[PDB]
Amino acid sequence: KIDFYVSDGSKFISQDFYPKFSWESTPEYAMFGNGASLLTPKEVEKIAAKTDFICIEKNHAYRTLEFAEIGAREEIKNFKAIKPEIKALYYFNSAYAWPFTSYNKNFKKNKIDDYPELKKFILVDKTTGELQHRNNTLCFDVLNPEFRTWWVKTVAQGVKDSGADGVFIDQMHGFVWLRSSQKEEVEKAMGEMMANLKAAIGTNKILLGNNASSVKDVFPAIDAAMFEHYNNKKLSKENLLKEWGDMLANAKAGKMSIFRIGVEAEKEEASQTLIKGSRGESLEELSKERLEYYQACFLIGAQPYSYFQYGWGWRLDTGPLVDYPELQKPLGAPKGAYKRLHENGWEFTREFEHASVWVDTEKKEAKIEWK
């Protein structure tokens, strides 16, 4: 059992441009943005002391540095100055035309008709002739080849401008539910756009596909994938079990996995009715109560170059600054694959050099015993 040992006895072959990795403690990925401001230097140290593998989210500091990719560029620079080994990822959505970057600034209801060349990249509602939207965010059309070329170009420009080590690509679906008859064409178009992005990107850049581990046409192009656990089904005992096999398959293919948990996805009765700072306090408390269970779920399936993300959202103030001491306890190399304790139960165990993991994904209990 070596630091690169895959749970099935095979060996992980990292590429040279990948993030640092070790089993010393629970490996951590942090992903965050704050539309309001840049991180203070103290906050950069807090996050940089937690993670060597970070991603800046869709609107970071846009309200004070005008454009999200300028926010990202600022954090890339601040983190790498103090920790040159840190990898920092840009963010870009494949589907929702968030107007936070310079690249997307014209996808607004007051600017888009000044840019007919860009409007043509968007899905139109056939009955009304109006643009499809969600809270007035428009929808890219992956079936449109001029859009795919523009998008690849735009993503590469953002990575290059920001100096990031790669990009987190969010959304895989291609709004297929609005064009269900062309599901096959949507899926191939997505895979093709992702393949073209990987080729256009510098060959030392990490391409991370959110929820892409099982997206057959996209998998060949990505170096990394996130498991986002955005709903109840994703958190089901059956899907956690599936995901452990997916993490193995990612490892075998040379790819990184991010196992992200946000406790907001539980819809715990604890948060019902609450708003503002009060809702925040309840979600933080819930993250601290649930950490052992969710840490165990990751550890059961952990492979080399897999990382845990934790909190209760995607912001600077939903986890990265929060002290979770169990994520810093000594872990060590795993001692082989997990075990399903007995047939048709949902208890699983795994042992590491400095810890024993038990988790019941049916009754949502866990115990990590630290040595």
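Data for the structure
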| read-out | value |
| --- | --- |
| Rounded to 10°, Cα long-axis angle of helix 145-162 versus longest principal axis of the chain | 60 degrees |
| Alpha-carbon centroid distance for the pair the range 287-358 / the range 61-90, whole angstrom | 28 Å |
| Angle between the chain longest axis and helix 183-200 axis [Cα atoms, degrees, rounded to 10] | 80 degrees |
| C-alpha long axis of helix 68-82 to longest principal axis of the chain, angle in ° | 40 degrees |
| Charge dipole magnitude, Cβ of K and R +1, D and E -1 - the range 30-370, Cα centre, debye nearest 20 | 620 debye |
| Cα gyration tensor shape of the chain, rounded if a/c is under 1.5, else prolate or oblate by comparing a/b with b/c | prolate |
| The chain: relative contact order as a whole-number percent, Cα under 8 Å and 6+ apart | 18 percent |
| Cα-based shape type of the range 1-141, given that a ≥ b ≥ c are square roots of the gyration tensor eigenvalues and the cut on a/c is 1.5 | oblate |
| Net charge of neighbours whose Cβ lies under 12 Å from the Cβ of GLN303, counting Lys and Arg as +1 and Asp and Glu as -1 | 0 |
| For the range 224-235, Karplus couplings with θ = phi - 60° (6.51, -1.76, 1.60), whole Hz, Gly/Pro x | 8, 8, 9, 9, 8, 6, 7, 8, 4, 4, 4, 8 |
| Out-of-range pairs (alpha-carbon distance over 24 Å; input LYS77/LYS234; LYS183/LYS216; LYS237/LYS371; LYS58/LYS205; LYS126/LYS183) | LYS77/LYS234; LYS237/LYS371 |
| Point-charge dipole on Cβ atoms (K/R +1, D/E -1) for the range 42-163, about Cα centre, debye to 20 | 140 debye |
| Mean Cβ neighbour count within 10 Å, used as a protection proxy, ranking 151-160, 107-116, 318-327 highest first | 151-160, 318-327, 107-116 |
| Amide H partners (placed H, <5 Å) of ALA225, local residues excluded | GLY209, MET256, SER257, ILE258 |
| Links that overshoot a 25 Å alpha carbon limit, given the list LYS242/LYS367; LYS46/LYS87; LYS267/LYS335 | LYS267/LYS335 |
| Prolate/oblate/rounded call for the range 86-205, Cα gyration tensor, a/c under 1.5 rounded | oblate |
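Neighbour counts run over all protein chains shown; Cβ positions are idealised from the backbone, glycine included. Here, each number is a calculation from the coordinates, and none is a lab measurement.
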